[PDB]
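Q: Below you'll find query.cif; it's mmCIF, C-alpha atoms and all ligand atoms.
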```cif
data_final
loop_
_atom_site.group_PDB
_atom_site.id
_atom_site.type_symbol
_atom_site.label_atom_id
_atom_site.label_comp_id
_atom_site.auth_asym_id
_atom_site.auth_seq_id
_atom_site.Cartn_x
_atom_site.Cartn_y
_atom_site.Cartn_z
ATOM 1 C CA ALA A 407 -51.133 -243.010 -93.933
ATOM 2 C CA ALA A 408 -53.336 -241.524 -91.174
ATOM 3 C CA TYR A 409 -56.609 -242.874 -92.671
ATOM 4 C CA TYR A 410 -57.581 -246.129 -94.359
ATOM 5 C CA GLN A 411 -60.734 -247.317 -96.125
ATOM 6 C CA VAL A 412 -62.355 -250.766 -95.942
ATOM 7 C CA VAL A 413 -62.166 -252.589 -99.285
ATOM 8 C CA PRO A 414 -64.231 -255.822 -98.872
ATOM 9 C CA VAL A 415 -68.008 -255.947 -98.325
ATOM 10 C CA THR A 416 -67.325 -256.167 -94.568
ATOM 11 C CA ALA A 417 -64.118 -256.494 -92.575
ATOM 12 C CA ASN A 418 -63.516 -257.556 -88.987
ATOM 13 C CA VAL A 419 -61.990 -255.521 -86.170
ATOM 14 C CA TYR A 420 -59.869 -257.606 -83.789
ATOM 15 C CA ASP A 421 -58.377 -257.236 -80.322
ATOM 16 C CA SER A 422 -54.681 -257.854 -79.491
ATOM 17 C CA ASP A 423 -55.461 -261.629 -78.944
ATOM 18 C CA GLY A 424 -56.825 -261.894 -82.513
ATOM 19 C CA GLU A 425 -60.439 -262.203 -81.248
ATOM 20 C CA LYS A 426 -63.168 -260.529 -83.305
ATOM 21 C CA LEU A 427 -64.629 -257.405 -81.625
ATOM 22 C CA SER A 428 -66.924 -256.258 -84.445
ATOM 23 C CA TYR A 429 -67.241 -255.827 -88.206
ATOM 24 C CA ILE A 430 -67.536 -252.707 -90.380
ATOM 25 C CA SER A 431 -68.811 -251.969 -93.882
ATOM 26 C CA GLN A 432 -67.083 -251.452 -97.195
ATOM 27 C CA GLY A 433 -66.055 -247.806 -97.618
ATOM 28 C CA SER A 434 -65.764 -247.154 -93.881
ATOM 29 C CA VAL A 435 -62.816 -244.927 -92.971
ATOM 30 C CA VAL A 436 -60.647 -245.881 -89.993
ATOM 31 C CA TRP A 437 -57.993 -243.833 -88.194
ATOM 32 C CA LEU A 438 -54.452 -245.118 -87.626
ATOM 33 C CA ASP A 439 -53.840 -245.167 -83.825
ATOM 34 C CA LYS A 440 -50.260 -243.970 -83.303
ATOM 35 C CA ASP A 441 -50.333 -244.963 -79.591
ATOM 36 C CA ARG A 442 -50.338 -248.721 -80.386
ATOM 37 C CA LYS A 443 -47.997 -250.822 -82.535
ATOM 38 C CA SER A 444 -48.835 -251.591 -86.174
ATOM 39 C CA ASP A 445 -46.929 -254.092 -88.376
ATOM 40 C CA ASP A 446 -47.009 -255.186 -92.038
ATOM 41 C CA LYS A 447 -49.996 -257.524 -91.378
ATOM 42 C CA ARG A 448 -52.191 -255.559 -88.958
ATOM 43 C CA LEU A 449 -52.834 -251.903 -88.246
ATOM 44 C CA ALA A 450 -53.860 -250.455 -84.901
ATOM 45 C CA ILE A 451 -56.978 -248.418 -85.791
ATOM 46 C CA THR A 452 -59.934 -246.589 -84.274
ATOM 47 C CA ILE A 453 -63.506 -246.494 -85.665
ATOM 48 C CA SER A 454 -66.792 -245.372 -84.055
ATOM 49 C CA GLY A 455 -65.436 -245.546 -80.504
ATOM 50 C CA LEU A 456 -63.620 -248.886 -81.004
ATOM 51 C CA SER A 457 -59.824 -249.245 -80.758
ATOM 52 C CA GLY A 458 -58.603 -252.524 -82.234
ATOM 53 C CA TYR A 459 -56.670 -253.997 -85.144
ATOM 54 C CA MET A 460 -57.484 -254.633 -88.768
ATOM 55 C CA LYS A 461 -55.761 -256.705 -91.427
ATOM 56 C CA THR A 462 -53.880 -254.540 -93.967
ATOM 57 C CA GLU A 463 -55.354 -256.940 -96.570
ATOM 58 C CA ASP A 464 -58.792 -255.376 -95.860
ATOM 59 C CA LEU A 465 -57.649 -251.723 -96.159
ATOM 60 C CA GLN A 466 -56.543 -249.062 -98.674
ATOM 61 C CA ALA A 467 -54.588 -245.948 -97.582
ATOM 62 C CA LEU A 468 -56.278 -242.576 -98.179
ATOM 63 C CA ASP A 469 -54.808 -239.112 -98.803
ATOM 64 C CA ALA A 470 -56.868 -236.581 -96.825
ATOM 65 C CA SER A 471 -55.862 -233.753 -99.252
ATOM 66 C CA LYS A 472 -57.888 -235.407 -102.072
ATOM 67 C CA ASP A 473 -60.021 -238.284 -100.643
ATOM 68 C CA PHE A 474 -63.194 -238.021 -98.562
ATOM 69 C CA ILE A 475 -62.690 -238.525 -94.794
ATOM 70 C CA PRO A 476 -65.820 -238.328 -92.548
ATOM 71 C CA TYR A 477 -66.029 -235.085 -90.550
ATOM 72 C CA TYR A 478 -68.400 -232.991 -88.465
ATOM 73 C CA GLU A 479 -69.439 -229.371 -89.213
ATOM 74 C CA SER A 480 -71.821 -226.783 -87.762
ATOM 75 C CA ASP A 481 -74.175 -224.572 -89.818
ATOM 76 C CA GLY A 482 -74.583 -222.328 -86.698
ATOM 77 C CA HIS A 483 -77.821 -224.139 -85.689
ATOM 78 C CA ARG A 484 -77.015 -227.890 -85.726
ATOM 79 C CA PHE A 485 -73.786 -229.927 -85.806
ATOM 80 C CA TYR A 486 -73.752 -232.478 -88.667
ATOM 81 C CA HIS A 487 -71.768 -235.674 -89.289
ATOM 82 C CA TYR A 488 -70.808 -236.151 -92.947
ATOM 83 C CA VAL A 489 -70.960 -239.975 -92.852
ATOM 84 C CA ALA A 490 -70.349 -240.009 -96.672
ATOM 85 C CA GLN A 491 -69.298 -237.337 -99.170
ATOM 86 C CA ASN A 492 -72.938 -236.658 -100.092
ATOM 87 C CA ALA A 493 -74.744 -237.506 -96.831
ATOM 88 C CA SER A 494 -74.935 -235.621 -93.518
ATOM 89 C CA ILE A 495 -76.954 -236.206 -90.338
ATOM 90 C CA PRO A 496 -77.681 -233.779 -87.509
ATOM 91 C CA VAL A 497 -76.207 -235.055 -84.227
ATOM 92 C CA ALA A 498 -76.387 -232.050 -81.817
ATOM 93 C CA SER A 499 -77.191 -228.392 -81.408
ATOM 94 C CA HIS A 500 -74.542 -225.776 -82.291
ATOM 95 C CA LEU A 501 -72.170 -224.942 -79.346
ATOM 96 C CA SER A 502 -70.498 -221.489 -79.110
ATOM 97 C CA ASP A 503 -67.089 -223.369 -79.189
ATOM 98 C CA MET A 504 -67.846 -224.492 -82.816
ATOM 99 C CA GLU A 505 -66.617 -222.348 -85.758
ATOM 100 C CA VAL A 506 -69.334 -222.382 -88.499
ATOM 101 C CA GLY A 507 -68.149 -224.137 -91.704
ATOM 102 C CA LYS A 508 -64.947 -225.600 -90.112
ATOM 103 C CA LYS A 509 -64.408 -229.385 -90.478
ATOM 104 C CA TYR A 510 -63.938 -231.223 -87.125
ATOM 105 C CA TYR A 511 -62.674 -234.793 -86.740
ATOM 106 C CA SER A 512 -63.618 -237.300 -83.998
ATOM 107 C CA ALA A 513 -63.347 -241.090 -83.602
ATOM 108 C CA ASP A 514 -66.654 -241.208 -81.578
ATOM 109 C CA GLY A 515 -68.599 -237.988 -82.337
ATOM 110 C CA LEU A 516 -68.439 -237.231 -78.575
ATOM 111 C CA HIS A 517 -64.884 -236.024 -77.878
ATOM 112 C CA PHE A 518 -63.532 -233.143 -79.933
ATOM 113 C CA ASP A 519 -60.343 -231.339 -78.968
ATOM 114 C CA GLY A 520 -62.163 -228.050 -77.990
ATOM 115 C CA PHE A 521 -65.647 -229.326 -76.967
ATOM 116 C CA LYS A 522 -67.499 -232.486 -75.920
ATOM 117 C CA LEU A 523 -70.895 -233.518 -77.189
ATOM 118 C CA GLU A 524 -73.758 -235.084 -75.457
ATOM 119 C CA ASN A 525 -75.572 -237.566 -77.730
ATOM 120 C CA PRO A 526 -78.021 -238.799 -75.053
ATOM 121 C CA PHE A 527 -80.269 -240.860 -77.393
ATOM 122 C CA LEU A 528 -77.141 -242.828 -78.472
ATOM 123 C CA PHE A 529 -76.729 -244.253 -74.931
ATOM 124 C CA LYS A 530 -80.340 -244.134 -73.637
ATOM 125 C CA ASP A 531 -81.666 -247.367 -72.090
ATOM 126 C CA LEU A 532 -84.150 -248.632 -74.736
ATOM 127 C CA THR A 533 -86.240 -250.545 -72.155
ATOM 128 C CA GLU A 534 -87.637 -247.196 -70.826
ATOM 129 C CA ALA A 535 -90.926 -246.224 -72.558
ATOM 130 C CA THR A 536 -91.329 -243.029 -74.586
ATOM 131 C CA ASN A 537 -93.479 -240.220 -73.229
ATOM 132 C CA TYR A 538 -95.099 -239.899 -76.696
ATOM 133 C CA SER A 539 -98.587 -241.282 -77.189
ATOM 134 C CA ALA A 540 -99.643 -243.219 -80.293
ATOM 135 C CA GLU A 541 -101.362 -240.109 -81.716
ATOM 136 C CA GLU A 542 -98.232 -237.963 -81.128
ATOM 137 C CA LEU A 543 -96.028 -240.469 -82.972
ATOM 138 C CA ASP A 544 -98.559 -240.428 -85.855
ATOM 139 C CA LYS A 545 -98.298 -236.612 -86.127
ATOM 140 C CA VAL A 546 -94.632 -236.689 -87.011
ATOM 141 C CA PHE A 547 -95.294 -238.008 -90.567
ATOM 142 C CA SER A 548 -96.849 -234.647 -91.556
ATOM 143 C CA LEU A 549 -94.284 -232.615 -89.540
ATOM 144 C CA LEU A 550 -91.298 -234.303 -91.347
ATOM 145 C CA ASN A 551 -93.064 -234.494 -94.812
ATOM 146 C CA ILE A 552 -93.001 -238.324 -94.818
ATOM 147 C CA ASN A 553 -95.161 -239.448 -97.754
ATOM 148 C CA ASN A 554 -96.313 -242.959 -98.812
ATOM 149 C CA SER A 555 -94.908 -244.681 -95.670
ATOM 150 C CA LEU A 556 -96.178 -248.157 -94.585
ATOM 151 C CA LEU A 557 -95.606 -246.873 -91.009
ATOM 152 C CA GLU A 558 -98.106 -244.002 -91.264
ATOM 153 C CA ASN A 559 -100.907 -244.308 -88.646
ATOM 154 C CA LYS A 560 -99.034 -247.172 -86.898
ATOM 155 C CA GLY A 561 -98.376 -245.262 -83.652
ATOM 156 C CA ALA A 562 -100.854 -247.569 -81.857
ATOM 157 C CA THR A 563 -98.895 -250.637 -83.047
ATOM 158 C CA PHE A 564 -95.558 -249.122 -81.945
ATOM 159 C CA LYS A 565 -97.081 -248.376 -78.511
ATOM 160 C CA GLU A 566 -98.521 -251.950 -78.339
ATOM 161 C CA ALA A 567 -95.021 -253.307 -79.125
ATOM 162 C CA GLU A 568 -93.621 -251.097 -76.347
ATOM 163 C CA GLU A 569 -96.320 -252.247 -73.877
ATOM 164 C CA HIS A 570 -95.832 -255.990 -74.614
ATOM 165 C CA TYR A 571 -92.037 -256.159 -75.155
ATOM 166 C CA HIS A 572 -90.838 -253.182 -72.985
ATOM 167 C CA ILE A 573 -88.907 -251.492 -75.820
ATOM 168 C CA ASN A 574 -89.069 -247.707 -76.376
ATOM 169 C CA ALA A 575 -91.589 -246.882 -79.150
ATOM 170 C CA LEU A 576 -89.760 -243.664 -80.206
ATOM 171 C CA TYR A 577 -86.663 -245.853 -80.789
ATOM 172 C CA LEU A 578 -88.758 -248.420 -82.702
ATOM 173 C CA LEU A 579 -90.169 -245.693 -84.966
ATOM 174 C CA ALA A 580 -86.713 -244.120 -85.440
ATOM 175 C CA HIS A 581 -85.005 -247.473 -86.161
ATOM 176 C CA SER A 582 -87.633 -248.456 -88.739
ATOM 177 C CA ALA A 583 -87.547 -244.908 -90.190
ATOM 178 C CA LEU A 584 -83.800 -244.990 -90.646
ATOM 179 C CA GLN A 585 -83.164 -248.564 -91.706
ATOM 180 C CA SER A 586 -86.135 -248.977 -94.119
ATOM 181 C CA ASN A 587 -86.529 -245.348 -95.312
ATOM 182 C CA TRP A 588 -89.758 -244.940 -93.330
ATOM 183 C CA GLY A 589 -91.060 -248.292 -94.555
ATOM 184 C CA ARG A 590 -90.472 -247.401 -98.220
ATOM 185 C CA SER A 591 -87.510 -249.694 -99.028
ATOM 186 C CA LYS A 592 -88.009 -252.771 -101.221
ATOM 187 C CA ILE A 593 -87.364 -255.002 -98.150
ATOM 188 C CA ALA A 594 -90.080 -253.029 -96.282
ATOM 189 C CA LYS A 595 -92.670 -253.237 -99.046
ATOM 190 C CA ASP A 596 -92.016 -256.832 -100.194
ATOM 191 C CA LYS A 597 -91.298 -258.423 -96.771
ATOM 192 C CA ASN A 598 -92.917 -256.120 -94.100
ATOM 193 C CA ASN A 599 -89.392 -255.976 -92.632
ATOM 194 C CA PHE A 600 -88.723 -252.423 -91.403
ATOM 195 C CA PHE A 601 -85.684 -253.103 -89.198
ATOM 196 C CA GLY A 602 -83.177 -254.922 -91.466
ATOM 197 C CA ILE A 603 -83.964 -258.218 -89.652
ATOM 198 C CA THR A 604 -81.415 -260.782 -91.031
ATOM 199 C CA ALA A 605 -80.668 -258.314 -93.896
ATOM 200 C CA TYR A 606 -77.031 -259.441 -94.090
ATOM 201 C CA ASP A 607 -74.548 -257.316 -96.092
ATOM 202 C CA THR A 608 -73.728 -260.077 -98.595
ATOM 203 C CA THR A 609 -77.371 -260.523 -99.820
ATOM 204 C CA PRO A 610 -79.516 -258.066 -97.837
ATOM 205 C CA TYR A 611 -82.817 -258.433 -99.790
ATOM 206 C CA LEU A 612 -82.705 -262.229 -100.130
ATOM 207 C CA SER A 613 -81.559 -262.901 -96.531
ATOM 208 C CA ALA A 614 -84.085 -260.438 -94.951
ATOM 209 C CA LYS A 615 -86.823 -262.089 -92.854
ATOM 210 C CA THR A 616 -90.404 -261.989 -94.148
ATOM 211 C CA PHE A 617 -93.331 -260.880 -91.922
ATOM 212 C CA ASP A 618 -97.032 -261.442 -92.665
ATOM 213 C CA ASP A 619 -98.320 -257.796 -92.625
ATOM 214 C CA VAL A 620 -97.291 -254.348 -91.343
ATOM 215 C CA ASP A 621 -98.515 -254.866 -87.753
ATOM 216 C CA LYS A 622 -97.004 -258.381 -87.507
ATOM 217 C CA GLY A 623 -93.798 -256.901 -88.955
ATOM 218 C CA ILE A 624 -93.608 -254.229 -86.234
ATOM 219 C CA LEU A 625 -94.442 -256.733 -83.467
ATOM 220 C CA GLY A 626 -92.298 -259.526 -84.900
ATOM 221 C CA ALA A 627 -89.268 -257.244 -85.340
ATOM 222 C CA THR A 628 -89.749 -255.932 -81.782
ATOM 223 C CA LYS A 629 -89.847 -259.555 -80.481
ATOM 224 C CA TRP A 630 -86.652 -260.337 -82.469
ATOM 225 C CA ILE A 631 -84.872 -257.238 -81.078
ATOM 226 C CA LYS A 632 -86.031 -258.076 -77.516
ATOM 227 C CA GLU A 633 -84.873 -261.711 -77.730
ATOM 228 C CA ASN A 634 -81.601 -261.203 -79.678
ATOM 229 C CA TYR A 635 -80.372 -257.792 -78.351
ATOM 230 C CA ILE A 636 -82.154 -256.455 -75.226
ATOM 231 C CA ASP A 637 -82.268 -259.836 -73.411
ATOM 232 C CA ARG A 638 -78.574 -260.375 -74.353
ATOM 233 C CA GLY A 639 -77.494 -257.087 -72.662
ATOM 234 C CA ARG A 640 -77.437 -254.810 -75.729
ATOM 235 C CA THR A 641 -79.816 -252.161 -74.348
ATOM 236 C CA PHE A 642 -78.731 -248.941 -76.131
ATOM 237 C CA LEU A 643 -77.876 -247.964 -79.716
ATOM 238 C CA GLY A 644 -74.182 -247.198 -79.188
ATOM 239 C CA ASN A 645 -71.315 -247.582 -81.625
ATOM 240 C CA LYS A 646 -68.641 -250.143 -82.564
ATOM 241 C CA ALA A 647 -67.391 -250.355 -78.941
ATOM 242 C CA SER A 648 -70.685 -251.018 -77.085
ATOM 243 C CA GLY A 649 -74.446 -251.265 -77.592
ATOM 244 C CA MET A 650 -76.544 -252.753 -80.343
ATOM 245 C CA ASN A 651 -74.321 -251.290 -83.126
ATOM 246 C CA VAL A 652 -71.532 -253.766 -82.253
ATOM 247 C CA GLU A 653 -73.493 -256.656 -83.818
ATOM 248 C CA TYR A 654 -76.649 -255.241 -85.436
ATOM 249 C CA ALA A 655 -75.129 -253.582 -88.529
ATOM 250 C CA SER A 656 -71.791 -253.240 -90.294
ATOM 251 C CA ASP A 657 -72.441 -249.472 -90.651
ATOM 252 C CA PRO A 658 -70.269 -247.821 -87.954
ATOM 253 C CA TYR A 659 -72.782 -244.972 -87.671
ATOM 254 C CA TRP A 660 -76.022 -247.013 -87.576
ATOM 255 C CA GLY A 661 -76.554 -246.039 -83.935
ATOM 256 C CA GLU A 662 -75.718 -242.372 -84.526
ATOM 257 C CA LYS A 663 -78.144 -242.311 -87.496
ATOM 258 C CA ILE A 664 -81.025 -243.750 -85.417
ATOM 259 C CA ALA A 665 -80.245 -241.377 -82.515
ATOM 260 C CA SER A 666 -80.331 -238.485 -85.035
ATOM 261 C CA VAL A 667 -83.838 -239.537 -86.153
ATOM 262 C CA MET A 668 -84.933 -239.810 -82.492
ATOM 263 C CA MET A 669 -83.572 -236.289 -81.904
ATOM 264 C CA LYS A 670 -85.403 -234.907 -85.015
ATOM 265 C CA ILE A 671 -88.716 -236.556 -84.023
ATOM 266 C CA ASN A 672 -88.368 -235.477 -80.381
ATOM 267 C CA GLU A 673 -87.788 -231.839 -81.405
ATOM 268 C CA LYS A 674 -90.808 -231.813 -83.812
ATOM 269 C CA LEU A 675 -93.062 -233.343 -81.112
ATOM 270 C CA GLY A 676 -92.103 -230.811 -78.368
ATOM 271 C CA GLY A 677 -89.204 -232.367 -76.447
ATOM 272 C CA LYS A 678 -91.143 -234.721 -74.085
ATOM 273 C CA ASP A 679 -88.294 -237.313 -74.027
HETATM 274 CA CA CA B 701 -59.585 -260.990 -75.762
#
```
Here is the file; what I need is its structure written in the form of structure tokens.
Ligand SMILES: [Ca+2]
A:
Amino acid sequence: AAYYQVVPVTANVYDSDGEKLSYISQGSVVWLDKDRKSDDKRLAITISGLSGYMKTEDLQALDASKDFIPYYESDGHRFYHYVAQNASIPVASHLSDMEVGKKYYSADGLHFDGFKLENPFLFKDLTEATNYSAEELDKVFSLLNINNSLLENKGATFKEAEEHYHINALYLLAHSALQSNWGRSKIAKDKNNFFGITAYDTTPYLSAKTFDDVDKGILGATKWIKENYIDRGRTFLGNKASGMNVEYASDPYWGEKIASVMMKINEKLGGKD
């Protein structure tokens, strides 16, 4: 087949030496890479920018005439990634080279056969501060109709985290927005954990770290991200080939999803970043 889906809760992606490069989630769809050798035991695949090998034991062949394969499509205003059959995210503005309502396929969401996208927030250095003030960040809750969020009116805490730890506050707001549903997930509400800190795929709720209150959750997650990712050379969101997404989450499109939120917030707040 041309496309395969991940069967177990997570599966590893390996290099040609058998070393682990990353891991991806159940249901993820990988592309067969016809430029490298596959065998009965391992398939040469590509996912979210990463070219490696996966065990056939971890995969099920798809038929693209009847099974969902992730794709990109323009509505004539924004270009969307269908990351699941019933879920799309905006990743870029419409380009004149895009046909409205036509499905496009890409292993990285950057290179398409007739156009190339810039996803600047995906690769932005997260140690550079945002140009948004605390009050500006707080305005986006009303502008995006975000109701009953634990993160409402926390712009000052995000900017304090940025000041102390040197991590972009727009990224911190976007990461917490995406991963905890704007601080409305059960992990957010029960554990003040807005960033999926130690929320491992096997037992995400039980494994998730607990923080003392909302502010200590923002600051404590920022400390954890600084110490475990930024200080270890993972300084941008990225994908399965480079950046925080290699290790932070099994979801191949975690980085793209956070970059999409950054893009949405940035547009609502007047394009200062
Ligand atoms: Ca190696």
Q: Residues at most 9 Å from ligand CA 701 (chain B), using all atoms listed in the file? Could they come as number ranges by chain?
A: A: 420-427
Q: Which residues match the PyMOL selection byres (((chain A and resi 631) around 12) and not hetatm) in the file above, as a VMD selection string?
A: chain A and resid 532 to 533 567 to 568 571 to 574 577 to 578 581 to 582 601 to 604 623 to 630 632 to 643 650 653 to 654
Q: Just to be explicit: take each residue in the selection above, keep C-alpha atoms, and write the result as a compact mmCIF listing (two decimals), in the coordinates of the input.
A:
```txt
# COMPACT_ATOMS: atom_id res chain seq x y z
CA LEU A 532 -84.15 -248.63 -74.74
CA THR A 533 -86.24 -250.54 -72.16
CA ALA A 567 -95.02 -253.31 -79.12
CA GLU A 568 -93.62 -251.10 -76.35
CA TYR A 571 -92.04 -256.16 -75.16
CA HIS A 572 -90.84 -253.18 -72.98
CA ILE A 573 -88.91 -251.49 -75.82
CA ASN A 574 -89.07 -247.71 -76.38
CA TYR A 577 -86.66 -245.85 -80.79
CA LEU A 578 -88.76 -248.42 -82.70
CA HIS A 581 -85.00 -247.47 -86.16
CA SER A 582 -87.63 -248.46 -88.74
CA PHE A 601 -85.68 -253.10 -89.20
CA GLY A 602 -83.18 -254.92 -91.47
CA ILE A 603 -83.96 -258.22 -89.65
CA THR A 604 -81.42 -260.78 -91.03
CA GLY A 623 -93.80 -256.90 -88.96
CA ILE A 624 -93.61 -254.23 -86.23
CA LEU A 625 -94.44 -256.73 -83.47
CA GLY A 626 -92.30 -259.53 -84.90
CA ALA A 627 -89.27 -257.24 -85.34
CA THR A 628 -89.75 -255.93 -81.78
CA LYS A 629 -89.85 -259.56 -80.48
CA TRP A 630 -86.65 -260.34 -82.47
CA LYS A 632 -86.03 -258.08 -77.52
CA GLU A 633 -84.87 -261.71 -77.73
CA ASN A 634 -81.60 -261.20 -79.68
CA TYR A 635 -80.37 -257.79 -78.35
CA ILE A 636 -82.15 -256.46 -75.23
CA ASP A 637 -82.27 -259.84 -73.41
CA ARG A 638 -78.57 -260.38 -74.35
CA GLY A 639 -77.49 -257.09 -72.66
CA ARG A 640 -77.44 -254.81 -75.73
CA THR A 641 -79.82 -252.16 -74.35
CA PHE A 642 -78.73 -248.94 -76.13
CA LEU A 643 -77.88 -247.96 -79.72
CA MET A 650 -76.54 -252.75 -80.34
CA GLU A 653 -73.49 -256.66 -83.82
CA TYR A 654 -76.65 -255.24 -85.44
```
Q: Under the rule that only C-alpha atoms are counted, which of A:597, A:508, A:565, A:484 is the nearest residue to residue A:537?
A: A:565
Q: Measure the distance from atom CA of residue A:552 to atom CA of residue A:589 in Å and round it to one decimal.
A: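 Atom CA of residue A:589 lies at a distance of 10.2 Å from atom CA of residue A:552.
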Q: Got a sec: who's within 12 Å of residue A:673, counting only C-alpha atoms, leaving out chain neighbours fewer than 4 positions off, as a ChimeraX atom specification?
A: /A:496,498-499,538,546,549-550,666-669,677-679
Q: For residue A:464, list every protein, DNA or RNA residue within 9 Å, evaluated using only C-alpha atoms, and leave out those in the same chain fewer than 3 positions away; present the list as a PyMOL selection string.
A: chain A and resi 411-414+416-418+460-461
